[PDB]
Structures are given as C-alpha cells and as structure tokens.
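Worksheet: the structure to be examined is printed underneath.
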Ligand SMILES: CCCCCCCCCC
Ligand SMILES: CCCCCCCCCC
Ligand SMILES: CCCCCCCCCC
Ligand SMILES: CCCCCCCCCC
Ligand SMILES: CCCCCCCCCC
Ligand SMILES: CCCCCCCCCC
Ligand SMILES: CCCCCC
Ligand SMILES: CCCCCC
Ligand SMILES: CCCCCC
C-alpha cells in the first residue's frame, strides 16, 4: 500500500501473511508452513527524466516457536532510471536468467524449483549490478533486454569457522553451494499482442570451495542457456521455459549436475468470478552426472512432477488456494543421497496481502 | 496507527518501545530488559457481510549488543469473517484457553505466567485453526464461543541435528518442551452489565519426544480445564481464573507437572487523572509430581507470588509503570533443579506506543 | 517519511537501502557490502509543554545468502521532554561521548572508528539513562549539556554457555569485549555563529570477565576524556575531536589499550549542484600497551588512515558516493595479532532513503 506520496517521493509499504499448511508423507515438509513477507518499494522523482529508487523485501517464517527466528532478505537494492536510456541498480536482486524462467514461476504454491536462491545468476543472489532497457530506448515497443554482472560471493574469512578453507575469501562468505565467482549474464524478451518470446544466458566463474570440497559437478564455470515462450491474454495464461545448464543446477546438497536439461510448462485460466485453475509440468534431467555418493550414474531425474491446483481471489487483498504436487520421481538411492522430496504434497493456503 | 485506508482495505501499523529495567537478586533476570514490538492489522472489505483479514506481530529485544539479534514472531495469521456466521483464521495465534486466562493477564509487567508460549493450546503457538462466533450468531448479545484445532508441531527432520530422534518429525521441528501433537479446544464466554463468566477446555496429543527424552510429566495427552470470572465497569477491573492441567504445565526445563492447579486473581482501579494501581496473586501448585532431578516429590509450588504495581498513563501513546513481584517461593532443591525464579523483582518501565 | 500525524501523535517511518561494494586486498572486507536500515521516530504531544517520544532503528545486512540472517538493533528507547526543563530517555541509545565525537563521524562510508559499538559509553550501547538539556533551560542559546548513566551489561547466566564464568552475570549477558559495569558520563557543547566547541567525559566500571579472561588493558575503570571543535556554515564543514582513553579503546579482539590517544579531523564543502567532497585524517595511538600476543609493546598505532571521498546528492532521497581509505598502518605482528585492517579500501555506494 502507498503510505506516503509527497515532495517528489513515494513509498509503497507492502506485504502478506500466508496461513499455509502442507500435507505430505515426506515429514521434512509436512505440517505448518505459515509465513509472512514485508517490503517497501520507494521511488523519488529527481528530474522529469531521472528517477531514483530502492526496494527491500523480507521473509519471516510463521511456523517456528518463539525460542527461534527464521527470517531472511529476499531482495535489497537501490538504483537509477533515466527515460529511454535504461535503469541501473545494485544490491541483492534477481539474476537476469529469471527474466525468462519467471514466466513459469506462477503456481499457487510450488513450481519455480528447477533452480534455487543463491544459485549463481539463476534467481535471487548477492551483488548484482543490473542494466535494464525497456522498449529498446523507446524505439521498439515490447522489446526489452538486460545486461548483468555478479561479483564474487566467496568463502568465510574467519580462520576458526568450520567451513574455513582460505581460498576465495570475501567479506560475506558462505557455504560452497551458495557461493559464486565473477559472473556475467544477459536476457532479451519480445512481447507482441499477448504472445511473448525470451532468451537468456549466464556464465559464472566457480570458486575454489565449489571445486575442492568433495562436491559433484566441478569445473571452471557455471553456465545457463534459457529459451522461453508465453501467451498472456483473454484471461488465458500459457508459458513454457527450457534451460540447459552446466555445473549450475544443484543436486540436493551433493553439489551440481555436470549437465542438466530443465523444462517447465504451465496453463492457467482466470474466471471473472474469482477462480483460477492451474496445471503444470516440471522436470530437471541430469546428464552424465558421474559418481554420486558411492555410485556411478549417467542420466537421472533431479526433479519431475505434475502440479494441479487453483487459487480463488476474494479480491486484490485476499485469496485462498489449493496446490497439489503429484511427484513422479521414484524413491531410489540417488534421491535419498541427495535428499530430494519424492512424495506427493498438498498445500492449503489463506493469504491476506496489502 | 492507521497508515492506509482506501479501496476497501485498511492497514494499522502498530508497535511500542518499552524502556524497561529489572532490579533483582536473581541475576538471570536483573538488568536492562528494554524491548520493542512491531506489527500490523490489515482488514479488507470483500462484500457487505464478508471481511478478509491478516495480522502479524514481532518482538525485537532492545537489551542485546549489536553482535547478536534476539527477535521472534508472536502471531502471524490470516482469516475470513462473515457477519453473524463467525470467523475462521489460521497461522500462529493464541490458543482458545487464553480467551479466559487472558482476563488475569493484565499486570504492568509480570503476571500471565502459570503457562507459557508454545505450551500446547494455552497461549501462543504454531498451526492454530480457530473458529470464532460473537454474540451467538447475533442472537444472544454477550455470548461468545470458539472451537480450535492445532496441528502437530513435532521433532526436527535433520539427521545431524543434536535434538534429532526420528519420531514425530514435522517440517517445523523444535525441542520437546515446545512440541505438540494434534489438539482440539474450545471456549465459551458470557458478558452482561460489566460481569463476565468463562470456561475453556483443551486436549492435545503429546509427541514421542515429549514422552521419551527423560522429561517429567509423561502421558498420552496434555489437558487443561479453565474457569474464569471478571467485573469490568465503573473504572474497576476485577478478575480471577482457575485452571487444572494434566501433563501441560511446564516445570522449568525439566518437563511437565503430572497434574497442576493454577490460580490467578487481580484487582485494578483506573483514576481519571491517569494512575492505575494493580494488586494480584498468582500460584501454580503441582500435584503428585513424582521423581524430579533425583528426588521424589508429591505436592510442590511451581509458581507463587503477590504482584503490586501501578501504571500512569500520560495519554494513549505514552505511559510509565512500576511493578513489584513479591516472590513467595522458597529457594529449595526443587526450584533450583527447575531453574525457577524465587527472588523478588522490581520493574521500571517507560513506554511509547503508536 | 511521516506516515501518520493525528490526535496529538505522529510517526516518522524512515530507512535506507545502500547498494554498497568494497574493493580491497583485505579479503575480510572486500566484496558486496549492501545493507539497509529501517526505523521509526514517534512523538506524542501530552500537554503544550510535555512531549512523549520513542525511537527504534534496525540494520539488516543485504550481502548475505537467504540461508542466514545478519541483523541488529542500533537504537531502541523511549522518553519524555518538558519545555525548558530537559529530556529523559532510557533504552539502547548513544553514549554522551558521541555528542562530541559525532562531529567527525560524517564521512561517506568510513570514519567514526577510533571507537566502536557496545564500547562502554563511547557510542551505541544497552541500558542508557540520559538526561539532556538544550539552550541551558532556554536561557543561553547554543549551550547544551547532557548527564548519562549506563547500567551494568555483564556475563551470561547460562551455566552450559561456553562464555560462562559465574561473575558479573546480568540477564542480557554477552562477551567481555562488549560488556560494561555501571558507568556515568557527561557532555557540554556550545554553538555560536557556525563555530562549535565541545567537551565530554565518561567513567565506567569494568566487569570481572573484562579483567580475568586473558584480555589486555585490565583495570578497575574505563575512562574517556574528549574535546571537540567545529565550524558548520557557508556550505563549509570543518571538525576535529581529540579523545584520551584508559582501558576503553579496543585493540581488535585482544582487549583494550591501557591508554590511547585518538584524533579525528575532517574538512568538507557542499556545492549547490550536489557534489560534496570530503578529506579526513584518523589516528589511534596506543600508549604503554604492554604484553600483546606473546610480545612486549610500548607505543603502537591501533588506527591510522587518510580518507578521501565524495558524495553526490541527486536530491534528499537519492545519492551516490565514493570513499577511499588510504591506510597508513604497516602490516606487522601487532596488527596481525589484533586482526586490524591495514590495506586500502575503496567503497562505491548508491543510496535510496525515505
Ligand atoms: C465469453 C465469456 C465466457 C467465457 C467462458 C470461458 C470458459 C473457459 C474454460 C476454461
Ligand atoms: C492437520 C490440520 C490441517 C490444518 C488446515 C489449515 C488450513 C489453512 C488454510 C485454509
Ligand atoms: C465519583 C468520582 C470519584 C470516585 C473516587 C474513586 C475512588 C477509588 C479508590 C480506589
Ligand atoms: C541501575 C540503573 C537503573 C536504570 C533505571 C532506568 C529506568 C527506566 C524506566 C523509567
Ligand atoms: C559565491 C558562490 C560561488 C562559491 C564557490 C565556492 C568554491 C568552493 C571550493 C571548495
Ligand atoms: C554504484 C554502487 C554499486 C557498484 C557495484 C560495482 C560492482 C563491482 C564488481 C566487482
Ligand atoms: C491423495 C489426495 C490428494 C487430494 C488433493 C486435492
Ligand atoms: C525492596 C524494595 C522494593 C520496592 C519496590 C517498589
Ligand atoms: C588504487 C586506486 C584507488 C582509486 C580510488 C578512487
């Protein structure tokens, strides 16, 4: 909600509370999943052409006891936008690969999980410098593109930390699975009369910890190549994305896939009375994975499920949903070693937002 | 404060800063206790009869150094209210037992501590599904009731976690003392010309960890039976609550009382010039407690104190208070083993709220 | 921004997002430093003369992965202000020594680091009771003073905590380096036609942990004596502060300087077109430090650098800066033992604020 708008500056203070419950045989996801989000979008008018802006978003789990706190920053960035020249922002933000893969990240509860957070330039991560251009300098309507750089987020600097290695240290160190070296990426999208087409590419240097702490999927670089299609008109939403990755797709907590072929497709319709049915298919197929937890593998499913669900919108501030993950992965030594969910999940949600 | 009210949606952004200091011989409570609360109540008008709502409340300690952060969610829920039919909400919320026991939880600083948080269905906890009905479908003024369900909040799912057992795992695992199985509860209250009468009952299944990790007060279920009385009129506030519990009242960090008889009573008056004196008595008497930390017990006091204090209200946004816990527990092997405060505490508070 | 102003109460909900990056050979500070601040200043009008107020400020790091959360309260206090009599507030706040030393804490990114947080009464800390008087009861314009008390913030109360000692326990325990005993301080400042002069003194009792856990700089008390000068007019800002400390200046994580002589000086000019160049010098000279990490020392530099930089203000809501720490400390056994940064740092910042 816009809580302030005066002297060439406005502030949108937004958030949501999602009363959420998972039903599953997988007890590590079963039960109360209640959470909330809080954030602000701020925008100041410097000149007629120049805009300054800042955005921050925070998730706070609502399913924990008061003896603990599970919360985190999703995004936190500041930037400048000049009319028909482009925008530049820096901070924690979305990687440009998500410009295209977001087209399928529209399910009521699940979806969007052939990649993760702090996963190179595929979704949210630290230290993104992002240039964006809308309508090609105002010359070609519907033609957007983006060029992005991500600085290294490396190893821990404290010598007594258990994860300490001494290689690729940065101030904001973390575990190898959420590290990254210097990276560059770009996206291009074209919209025309409801139809949309998109491509995105990213190439990140991999850190020392990522290639020398016994994790699978080692190599000099992590790469992604994404193509996307969508139709968004007449209350119909169809979308599909195909991404091919190299040393970039996480295989649970074991490391990365040497190569992965990811596919997501979704079909949705929006009734005027408030109901919005959703059907989707997601798969991540690892290729030539090699040795994983004591056994040799070639091709293995990392993710594979059909998603059936529905959201009912009471209005723009209140909604409820059901989402049903029909999991098609088999329970095997690969999935157990990686700790990948292979059971079905039903989600029931009640959401207030402002 | 109401910071937004437009297009059938309003947002109350509220909070307080309590500059608070404890004086006590008990050094584990002595010293700076400064804290703050922040929250929002959001409400959207869907139709003339149907309201959607969401609420979130967060406590952040103000007595810690910047090298740490001690904060937590108190409540986080979303819901729907239909005129003369009832309300339904889900999330982290207050258990229905608190509908009656809250009548005595009105002291300046202390009180409200014959039960705790994440303590089955007695106060705040995760995964409450709560149906509420006010004025019996609009037919009997002053007659409210509630029916509540709490889903299991069980053991940790991570095999390498030190608290891991493998039994009763849920996604949002925690220590046995703050766990709970499936639970059901209800409350009924009747108000008439200042006088009030209330009853509440809860029955929760106890988890495996709760009955097999060496904690006292084991059994199939945790049960509470509460009766309450109050008078709230002519600037006078009197209230009393009696609760009898089975395997539900925590005896410090040792487990639970096999049986407990809890009693709280409070008398307050509100002068027009701003002063509000307060006198109260609280006791929790454990019955047939059995073996506790190497010794056999029958009846023992878990809690016993008189509370004398006063709040002065400068206005609705600013107040100050003194609260004096006159502790009647003796320092003995039981209280030391449980880690229960047995010394007197004086609290001085200065509170800004919005 | 003022998001509420009604019924004799107003609320300023403020904050900033700083997209920030450090370039340094020191890898423990190199990389993404993005962060945000959030806070509120609330003020209620009780009578024509009496004002009630509360303030809270929170920092949340924007450079971490979502698997962790690095945040903290900077200030959290409530208070009362009576016209021409003074103000009183209690909570987490700034020590009165900072009334004078803040005059040099005005650099784009660095500076203000001859002292730290939770460092006795020198900057932010827990449990400050602060009396402030502006314009000497309204009798002498430009003459301010302050009298402050800080309650003990001592050792941890949990017997199984690794930092447990059993001495000087308070409820809000923490590590010796951020502990303090009972302390008293005062400041006096006089402003006249742009020029300013200030003096401040603090004396804190040192805790048992501080003098018996193998830390350097032991003694009965921690003392500071500060003198300050400034000129703030005609778009020119000049300021200098000199502080002499005893058992109060932290030498990295090793303890404190027996004695320290701190000096900060800054010169800034503000162009109307938005640019604000900055040049500064900071030094902390330890005196008679004694034995430190196996070697005997007399005089050693704890801090020594020149700071060159600039801030460009697009407007009051958006700015960008560069800051260049030219580090004059040599890399030696003292600095390595203390873990003090001895390399140069360049900072680039883009800041949105509201
Ligand atoms: C022309 C308005 C009615 C359109 C009906 C849409 C049916 C969609 C079924 C998925
Ligand atoms: C096992 C208890 C299930 C609780 C259902 C909560 C539903 C909330 C969203 C409507
Ligand atoms: C009729 C107004 C005066 C009432 C005085 C109340 C005295 C209360 C003492 C506790
Ligand atoms: C030992 C120092 C006591 C500090 C008192 C603070 C009072 C704050 C509430 C008025
Ligand atoms: C009178 C307006 C112009 C003043 C110029 C200031 C120059 C400052 C150089 C640091
Ligand atoms: C303008 C502030 C943000 C600049 C970010 C620079 C990133 C450096 C990559 C090594
Ligand atoms: C196995 C039952 C699934 C039902 C979800 C709607
Ligand atoms: C022992 C002194 C108690 C005073 C509290 C008002
Ligand atoms: C060593 C290069 C420093 C430049 C900072 C402006």
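All residue numbers here begin at 1 and follow the chain in the order shown.
How was it done? The header gives X-ray crystallography, 2.5 Å.
Yeah, the Cβs are placed from backbone N, Cα and C, and that goes for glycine too.
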When Swiss-Prot marks a stretch as transmembrane segment, which of A:236-246, A:247-257 is it?
A:236-246
Validate this pair against Swiss-Prot: residue A:27 and residue A:331, same side of the membrane or not.
yes
Which range, A:98-106, A:107-115, A:116-124, A:143-151, does Swiss-Prot list as transmembrane segment?
A:143-151
Among the residue ranges A:165-179, A:300-314, I'd like the one that Swiss-Prot describes as transmembrane segment.
A:300-314
May I have the DSSP-based helix, strand and coil counts for the residues of the topological domain 'Extracellular' (A:247-258)?
0 helix, 3 strand, 9 coil
When secondary structure is assigned with DSSP, how many helix, strand and coil residues does the topological domain 'Periplasmic' (A:136-142) contain?
3 helix, 0 strand, 4 coil
Cβ pairs under 8 Å between the transmembrane segment (A:9-23) and the transmembrane segment (A:85-92), at least three:
no
Are the transmembrane segment (A:126-135) and the transmembrane segment (A:85-92) close, by which I mean at least 3 Cβ pairs under 8 Å that are 6+ residues apart in sequence?
yes
Using a Cβ-Cβ cut-off of under 8 Å, list the residues of the same chain that are 6+ residues beyond the ends of the topological domain 'Periplasmic' (A:46-49) and lie near it.
8, 82-83
Mind checking which residues of the chain, 6+ beyond the ends of the transmembrane segment (A:71-82), have their Cβ under 8 Å from one of its Cβ atoms?
37, 39, 49-61, 88-94, 117, 124, 128
Same-chain Cβ contacts of the transmembrane segment (A:181-191) under 8 Å, 6 or more residues past its ends?
95-97, 99-100, 120-121, 142-152, 154, 168, 197-207, 222, 224, 226, 228
On the DSSP side of things, how many residues of the topological domain 'Extracellular' (A:289-299) fall into helix, strand and coil, could you say?
0 helix, 6 strand, 5 coil
When secondary structure is assigned with DSSP, how many helix, strand and coil residues does the topological domain 'Extracellular' (A:152-180) contain?
3 helix, 4 strand, 22 coil
Number of helical, extended and coil residues in the topological domain 'Extracellular' (A:206-220), per DSSP:
5 helix, 1 strand, 9 coil
Summary of DSSP states over the topological domain 'Extracellular' (A:24-29), given as helix, strand and coil counts:
0 helix, 1 strand, 5 coil
The topological domain 'Periplasmic' (A:46-49) - residue tally per DSSP class, helix then strand then coil:
0 helix, 0 strand, 4 coil
